[PDB]
Amino acid sequence: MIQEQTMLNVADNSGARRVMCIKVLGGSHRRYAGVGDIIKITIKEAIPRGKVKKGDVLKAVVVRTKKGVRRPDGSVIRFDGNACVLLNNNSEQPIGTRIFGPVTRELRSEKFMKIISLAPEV
Amino acid sequence: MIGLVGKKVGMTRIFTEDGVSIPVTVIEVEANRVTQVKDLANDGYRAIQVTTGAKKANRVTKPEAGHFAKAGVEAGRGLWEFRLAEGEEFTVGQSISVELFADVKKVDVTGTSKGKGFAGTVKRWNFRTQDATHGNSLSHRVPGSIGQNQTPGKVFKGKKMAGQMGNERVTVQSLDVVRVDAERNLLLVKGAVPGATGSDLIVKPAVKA
Amino acid sequence: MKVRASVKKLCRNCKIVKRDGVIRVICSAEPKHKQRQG
Amino acid sequence: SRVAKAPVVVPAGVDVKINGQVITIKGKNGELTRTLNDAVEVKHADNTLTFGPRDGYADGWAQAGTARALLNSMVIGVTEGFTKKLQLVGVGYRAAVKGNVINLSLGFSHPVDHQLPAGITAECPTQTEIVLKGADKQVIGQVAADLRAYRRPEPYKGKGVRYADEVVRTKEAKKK
Amino acid sequence: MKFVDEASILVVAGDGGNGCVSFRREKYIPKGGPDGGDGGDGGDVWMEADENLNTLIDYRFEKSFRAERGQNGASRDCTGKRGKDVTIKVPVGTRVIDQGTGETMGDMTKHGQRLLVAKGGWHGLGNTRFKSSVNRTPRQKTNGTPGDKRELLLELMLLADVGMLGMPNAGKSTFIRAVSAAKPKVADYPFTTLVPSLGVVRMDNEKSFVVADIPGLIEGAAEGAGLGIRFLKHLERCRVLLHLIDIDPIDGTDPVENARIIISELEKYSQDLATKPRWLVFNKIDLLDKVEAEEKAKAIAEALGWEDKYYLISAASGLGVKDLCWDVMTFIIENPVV
Amino acid sequence: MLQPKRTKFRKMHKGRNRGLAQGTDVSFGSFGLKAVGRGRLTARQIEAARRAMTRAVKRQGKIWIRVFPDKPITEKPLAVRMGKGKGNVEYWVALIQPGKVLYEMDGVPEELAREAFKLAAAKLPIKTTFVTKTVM
RNA sequence: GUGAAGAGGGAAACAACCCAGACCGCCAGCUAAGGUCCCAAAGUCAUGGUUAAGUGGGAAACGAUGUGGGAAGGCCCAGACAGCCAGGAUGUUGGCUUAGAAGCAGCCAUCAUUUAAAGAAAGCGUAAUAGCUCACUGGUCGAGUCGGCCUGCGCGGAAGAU
RNA sequence: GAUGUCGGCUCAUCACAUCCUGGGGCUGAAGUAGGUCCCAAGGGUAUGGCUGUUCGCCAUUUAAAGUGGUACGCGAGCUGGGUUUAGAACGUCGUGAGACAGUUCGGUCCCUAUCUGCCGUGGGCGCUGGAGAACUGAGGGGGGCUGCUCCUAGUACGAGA
Ligand SMILES: Nc1nc2c(ncn2[C@@H]2O[C@H](COP(=O)(O)OP(=O)(O)NP(=O)(O)O)[C@@H](O)[C@H]2O)c(=O)[nH]1
Ligand SMILES: [Mg+2]
Ligand SMILES: [Zn+2]
């Protein structure tokens with residue numbers, strides 16, 4: 001699962017390489033974030049020439065979960081490494097132009113088509 | 001209309017045409033027989049007493065044997081009373097089938113849950129376990145404080161601490177029925193029901209919307 | 001509407017009435033004169 | 001008190017019977033019965049109605065006047081009838097009458113259905129006009145109030161249901 | 001709603017918290033010391049620049065905005081919470097002048113700008129902050145500094161793209177009917193409108209422009225004695241200044257002189273409005289039923305001596321309204337400087 | 001701020017408010033304000049009432065003050081043990097008995113004086129009443 | 001004065017409050033404070049009133065067509081008040097200032113005509129004309145009405161934690 | 001003649017002078033959203049950095065991160081982080097021993113439940129011949145939270161936003 005104070009990777013080419021999930025949105029007493037959720041992250045290290053810098057705080061969308069994703073037919077989608085897509089604070093729009101890595105089909109269910117469209121896999 | 005009384009033999013998933021797995025509970029129901037019918041004149045309320053299964057003759061004693069013989073019904077595992085619906089009428093000795101649940105599409109299951117014995121405060125009331133380090137001594141799963149100082153001077157009733165869990169009636173509401181079999185006498189209900197395998201279960205129509 | 005201990009006819013069209021054991025003022029001209037706690 | 005000092009006179013073709021403290025003023029416009037307070041006495045007399053209190057009662061004439069007013073209302077209700085006038089102002093405000101069923105649409109997400117009493121009839125000569133006919137003033141007043149409570153007009157545009165003779169307040173409000 | 005300027009608002013900065021003189025006494029220490037928490041910082045009033053807002057109707061009633069009092073310092077070294085900030089919504093283009101030695105603190109530039117108008121009062125220090133060798137049991141109390149009581153005058157500049165100027169005899173107000181639906185007062189008497197009103201002509205979803213109707217003036221309005229020339233101030237921001245000339249006026253009966261009298265006050269307001277590219281169109285064309293309409297409109301064109309492109313429009317219904325809007329928005333496109 | 005400029009003694013006993021009043025007859029005006037109950041009249045109340053009356057009467061007519069504090073009141077400061085001598089003087093009050101005349105008015109009509117006294121009664125910590133000048 | 005150094009009765013309990021100062025015993029009577037619906041012993045006693053709030057049975061400044069009594073005042077059958085039916089202008093859009101001031105955005109005089117009455121005048125509305133009132137008058141209705149004081153008993157003001 | 005103090009953890013309860021949800025009045029209430037006042041305690045009422053901190057500032061969510069009482073709730077439930085017996089040091093006072101509601105480091109938290117209280121489970125007796133079953137219900141106990149989207153409807157309102 002994904003919770004606060006969690007070391008997270010990146011699935012986009014915005015410029016960040018490792019991001020820190022420190023807050024999860026959705027409601028009061030929010031404990032964990034699934035595969036499609038809105039979370040608050042802080043940059044821990046990024047390319048100096050990238051679109052983002054060190055210490056910036058912005059919203060992110062989960063793409064892969066280490067625990068897995070529960071399919072309606074009793075199937076779990078495990079992953080090796082948890083990443084996220086950088087999004088603007090005011091508007092839920094991706095910052096990076098490309099997505100590197102597998103993407104689950106659940107993101108389409110909750111109306112997240114920007115990541116799905118420019119994803120060279122599922 | 002009334003429900004049925006049955007026994008749980010297990011539970012298994014069901015595959016749909018679109019591939020979605022529906023985990024349902026398998027409950028076998030025997031053809032119940034009406035043993036007594038109550039009316040306003042005698043008991044002041046309308047209800048019917050039914051029995052299910054069979055019981056060995058040696059174990060059956062004279063009182064219940066005569067009670068069964070009065071209604072012309074053989075021995076049964078147990079007796080239960082179901083309240084009518086102000087207009088539905090039943091006669092003594094007629095058998096109760098299972099196909100009548102073909103339209104309710106929502107059932108309520110009541111039964112005796114699994115007995116956990118004497119359970120602790122953490123397991124019973126989902127309390128928070130204290131720290132196991134930082135100097136803590138002989139207090140990890142203890143409830144802790146159970147009241148205020150001498151101003152109340154007592155422990156209020158209904159306070160939450162360790163006790164005996166299970167072995168009690170538990171009601172689960174708004175359970176969807178998937179399939180019912182008449183020739184095999186099986187009922188498939190979506191979800192999980194209380195109790196262990198082989199325990200007696202009582203299924204009733206859903207009372208809520 | 002205002003609730004205050006002291007109730008008085010602010011204007012000429014303030015009628016003092018006793019409703020359910022308490023003093024109330026009804027103003028047919030405009031509802032700013034409604035009072036309670038008489 | 002002083003209002004009860006003037007006896008009321010029932011018109012021709014109206015029969016009045018007394019069975020204790022119950023009064024019936026049935027006639028051309030239907031039949032109705034009203035119970036009294038067990039404290040004011042009405043005496044059978046010539047073609048008029050008189051009212052009097054009972055010795056030992058503090059209220060007496062204070063409620064005798066109320067009884068006189070109620071009888072004055074019911075006699076004209078059973079001889080002439082009671083009419084209530086209601087009109088609709090504003091777009092999207094549709095109303096019609098079908099039998100003893102009236103439907104109201106005041107911009108809601110669902111039609112509003114109201115049930116009329118047995119002795120109350122409603123008609124819609126105009127699409128935005130409803131007239132209530134009844135034999136008792138209290139019943140028609142309650143019906144009109146119930147209809148009005150759904151869409152009580154605001155003092156900004158005046159949209160809603162209203163009486164013909166009533167006046168609404170218009171406020172010139174501008175901010176935000 | 002309607003565009004009205006000269007809004008006045010009074011705001012008070014939050015008063016600072018009040019310290020408390022308390023002493024600490026424990027189970028085994030009768031002499032603990034002065035233990036009084038300091039007060040909370042007073043509330044600070046703030047403001048925001050809103051692109052969406054274009055009117056000051058929300059401040060016409062001189063509402064008093066109160067910043068909550070800073071929490072008083074509680075005993076046992078409990079510091080009071082600072083007062084919450086008060087934010088007032090302000091449109092773009094407003095300048096603020098105080099009452100008494102008034103000056104412009106700032107001018108609105110872009111949406112989201114923050115400007116400080118009154119700083120909150122300082123917190124009141126408790127007895128814990130003044131203990132020393134000289135005095136070991138402080139009994140004095142320091143009250144928080146009072147907030148800033150200031151009077152603010154909000155003046156708003158017109159944000160419309162098209163400005164209207166003409167005599168009251170012209171159908172300037174009814175011109176809005178053919179181009180938009182704003183419902184101002186339209187009637188056959190002069191000085192029908194008393195305050196400028198706004199309106200938008202959205203012929204397409206992608207492109208639209210805002211046109212505002214301004215009350216007319218009289219021949220003597222340049223010097224005064226009427227509504228003055230103060231409503232000419234709501235100009236110099238519109239890209240084009242539409243002008244209507246009332247053909248064959250019922251009460252005027254002099255189209256030659258009233259057409260040129262418009263420029264008389266125009267050339268003497270402050271700087272002749274920098275000779276912006278104003279247009280010239282006529283109204284009440286439907287009154288003239290046939291060919292007679294246009295030769296006199298062309299005849300009056302030579303009186304002005306401008307000889308550029310002219311439009312024949314009737315404000316009652318259509319008749320050149322649909323295509324004149326296209327020409328008005330066309331001039332908007334090439335010139336993006338406001 | 002009504003307070004004697006010089007006093008023979010700085011402090012006064014608590015005293016009592018027994019007996020009846022002396023200044024019950026009007027001898028300076030036509031409309032007089034008379035107390036109904038016992039109480040303590042601080043100076044602050046006196047000048048507050050005087051300012052209220054000046055505001056009410058639109059600065060016309062004559063105003064008479066029939067009461068003066070002439071008595072100091074001592075209050076102990078906060079967090080001070082009992083004893084250690086008497087406290088210092090903070091405010092001066094006037095003790096009056098029921099029937100004492102407070103204020104007297106002249107040059108005003110009946111309704112104006114009545115409404116002024118009604119306004120004054122709010123600032124007065126004790127019940128008051130309206131009286132008029134009577135011969136002898 | 002009481003307790004200390006006084007028992008007992010009453011104030012539900014309650015040394016210091018009221019009555020009352022115990023030599024002992026009695027299955028006798030009479031009283032003090034306090035009570036007589038019961039718990040718990042004694043009036044569901046008699047006479048004439050007040051209270052509608054459970055006031056009794058905790059509380060103030062102030063407010064109120066709550067109610068009872070008292071002394072008075074104005075208008076009163078040469079028709080008393082409130083309702084109802086009508087009138088309520090004539091020079092005159094008064095002058096000035098005013099796009100618009102016709103009564104009711106500003107100032108002024110505020111006199112003066114036929115009337116049972118009309119004020120260049122108080123309130124709503126119109127930019128202003130309009131259109132509604134008010135003061136006032138006429139007619140029907142017909143007997144108390146209006147507003148000042150004192151006093152008893154009532155209401156609100158009256159929100160804290162087992 | 002004695003660990004008994006503040007804070008933190010677990011456990012909560014009660015009042016409404018109500019933070020949200022609920023029902024309204026007025027408004028200088030076009031609408032959404034706002035201000036004030038009334039009724040209403042059924043439910044809910046945050047995560048981290050700093051400091052021991054209660055309280056606070058900061059960052060980010062939510063409907064809110066309510067006000068108080070209960071020996072400033074709760075140490076025969078836990079922690080000993082503050083202060084603090086015995087050690088030592090810094091700055092000040094005192095010639096000095098020593099002291100400092102001046103600061104730093106370190107520095108023993110006992111008890112096998114007798115009674116009432118509470119949680120569960122049993123034995124005797126009674127319910128009037130005995131016994132086996134099945135039920136009505138006098139009473140008591142448990143829960144009563146809501147965010148977002150869509151249709152209504154870009155409808156009413158609104159010049160447009
Ligand atoms: N037939 C016709 N009548 C017109 C036309 N334009 C105006 N009118 C008439 O002339 C009148 C002019 O008055 P109005 O439009 O109110 O003038 P305004 O724009 O308000 N000017 P101001 O605000 O300065 O008084 C209109 O009310 C209308 O009766 C037109 O195109 N055709
Ligand atoms: Mg105009
Ligand atoms: Zn009023």
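Numbers given for residues start from 1 on each chain and follow the written sequence, which can depart from the numbering in the entry; residues without coordinates are excluded. Going through the entries in the order they are written, you letter the chains from A and number the ligands from 1. Taken together, the chains in view make up part of a larger assembly, and the values describe this part alone. Hydrogens and waters are ignored; side-chain quantities use all the structure's heavy atoms.

Per the deposited record, cryo-EM is how this structure was determined, to a resolution of 4 Å.

Going by the PDB entry, chain E carries the name GTPase ObgE/CgtA and comes from Escherichia coli. The record lists the entry's title as "50S-ObgE-GMPPNP particle". UniProt positions are given in the numbering used here, feature names are shortened, and annotations may be inferred rather than shown by experiment. What UniProt states about chain E under its Subcellular location heading is, verbatim, "Cytoplasm". Under Sequence similarities, UniProt gives the following word-for-word description of chain E: "Belongs to the TRAFAC class OBG-HflX-like GTPase superfamily. OBG GTPase family."

Per the PDB entry, chain A goes by 50S ribosomal protein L14 and derives from Escherichia coli. Word for word, the UniProt comment on chain A under Sequence similarities is "Belongs to the universal ribosomal protein uL14 family."

(A) Up close: the site of ligand 1. All names here are of chain E. The cutoff for a nearby residue is simple: one of its non-hydrogen atoms must lie within 4 Å of the molecule or strand. Around ligand 1 there are 23 residues in total, and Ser173, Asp188, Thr192, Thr193 and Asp286 lie nearest to it. Between N or O atoms, a polar contact is any pair within 3.5 Å; within protein, one atom must be a potential hydrogen donor and the other a potential acceptor, and residues adjacent in sequence are included only when both atoms are from side chains. In this structure, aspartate 188 approaches ligand 1 through a side-chain N or O atom, which is 2.3 Å from an oxygen atom. Within the backbone of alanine 316, an N or O atom sits 3.3 Å from an oxygen atom of ligand 1. Here a helix means four or more residues in a row that DSSP labels H or I, a strand means two or more in a row labelled E, and each is numbered from the N terminus. The element best represented in the shell around ligand 1 is helix 1 (residues 172-179), accounting for 3 residues. In this classification, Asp, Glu, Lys and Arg are treated as charged, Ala, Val, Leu, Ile, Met, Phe, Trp, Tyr, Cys and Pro as nonpolar, and every other residue, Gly included, as polar. Looking at side-chain class alone, the shell around ligand 1 contains 10 nonpolar, 9 polar and 4 charged residues.

(B) A look at the coordination of the zinc ion (ligand 3). Residues and elements named next belong to chain C. The coordination sphere of the zinc ion (ligand 3) contains the protein donors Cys11 (SG), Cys14 (SG), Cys27 (SG) and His33 (ND1), at a distance range of 2.1 to 2.3 Å. Donor criterion used throughout: N, O or S atom within 2.8 Å of the metal, extended to 3.2 Å for Na, K and Ca. Water excluded; incomplete-looking sites may result. Note on geometry labels: four donors, all angles 85 to 135 degrees, give tetrahedral; four donors become square planar and six octahedral when opposite donors are over 155 degrees apart and every other angle is between 65 and 115; remaining cases are irregular. Coordination at the zinc ion (ligand 3) is irregular: its 4 donor atoms span angles of 75 to 123° at the metal. Look at where the donors of the zinc ion (ligand 3) fall in the sequence and you get C-x2-C-x12-C-x5-H. Separated by 13 residues along the polypeptide, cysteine 14 in strand 1 (residues 14-19) and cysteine 27 in strand 2 (residues 22-27) bring together distant segments of the chain. With respect to class, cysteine 14 is no different from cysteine 27; both count as buried. Three exposure classes are used, based on accessible area relative to the maximum for each residue type with a 1.4 Å probe and protein chains only: buried under 20%, partly exposed in between, and exposed over 50%.

(C) Local environment of the protein's contact with RNA strand H. Not every one of the 83 residues close to RNA strand H is listed here, only the nearest: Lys23(A), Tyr45(B), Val155(B), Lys159(B) and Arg76(E). For RNA strand H, the backbone portion of the atoms within 4 Å of the protein, that is sugar and phosphate, comes to 70%. Note that a base nitrogen of RNA strand H is positioned 2.4 Å from one of the side-chain N or O atoms of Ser28(A). A distance of 2.9 Å separates a base oxygen of RNA strand H from a polar side-chain atom of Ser109(D). At the level of secondary structure, the elements contributing two or more residues to the surface near RNA strand H comprise helix 1 (62-71) and strand 5 (78-83) of chain B. In terms of residue count, the dominant contributor to the surface near RNA strand H is strand 5 of chain B (4 residues). Looking at the surface near RNA strand H residue by residue, the class counts come to 28 nonpolar, 25 polar and 30 charged.

(D) Representation of the protein's contact with RNA strand G within the structure. The local shell around RNA strand G holds 20 residues, among which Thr151(B), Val7(C), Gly38(C), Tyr189(E) and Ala225(E) are the closest. By atom count, sugar and phosphate contribute 51% of the portion of RNA strand G lying within 4 Å of the protein. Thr151(B) places a polar main-chain atom, nitrogen or oxygen, 2.8 Å from a base oxygen of RNA strand G. Interatomic distance of 2.5 Å between a backbone N/O atom of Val7(C) and a sugar or linking oxygen of RNA strand G. The residue makeup of the surface near RNA strand G, split by class, is 9 nonpolar, 6 polar and 5 charged.

(E) Representation of helix 1 of chain B within the structure. All names here are of chain B. For helix 1, every residue scored as buried is listed here: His67, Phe68 and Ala71. One side of helix 1 carries all its buried residues, which in axial view fall inside an arc of 95°. Opposite its buried face, helix 1 presents the exposed residues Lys62, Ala69 and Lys70, each directed more than 90 degrees away. Contacts were defined at the residue level, with two residues in contact if any of their heavy atoms lie within 4.5 Å. On its buried side, helix 1 packs onto strand 3 (32-37), strand 4 (47-52) and strand 5. Of the residues one or two after helix 1, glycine 72 is the one with positive phi, at around 70°. Note: the arc covers the axis-to-C-beta directions of the helix.

(F) Local environment of the arrangement of the chains. Among the 5 pairs of chains in contact, the pair with the most contacts is chains D and E. Regarding chain B and chain D, which are not in contact, the minimum distance between any of their C-alpha atoms is 22 Å. With no contact formed, the shortest span from any C-alpha in chain D to any C-alpha in chain F equals 34 Å.

(G) Highlighting the packing of aromatic side chains. Pairing of aromatic side chains requires ring centres within 6.5 Å, counting the rings of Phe and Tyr and the six-membered ring of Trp. Pairs whose planes differ by under 30 degrees are stacked, by over 60 edge-to-face, and all others tilted. Here the structure, examined in full by the defined rule, presents 5 aromatic pairs over all chains. With 6.3 Å between their ring centres and 50° between their planes, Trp279(E) and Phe331(E) make a pair best called tilted. With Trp279(E) in the loop between helix 2 (255-266) and strand 14 (281-283) and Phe331(E) in helix 4 (residues 321-334), this pair connects stretches of sequence that are 52 residues apart. Here the aromatic residues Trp279(E), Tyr311(E) and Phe331(E) are joined through ring pairs into a cluster of three or more. Both a distance and an angle decide whether a charge sits over a ring: NZ of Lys or CZ of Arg must be within 6 Å of the ring centre and within 35 degrees of the ring normal. Across from the ring centre of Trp125(B), 4.4 Å away, lies the NZ or CZ of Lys160(B), which sits over that ring. A cation over a ring is seen here: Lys5(D) above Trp61(D), with NZ or CZ 3.7 Å from the ring centre.

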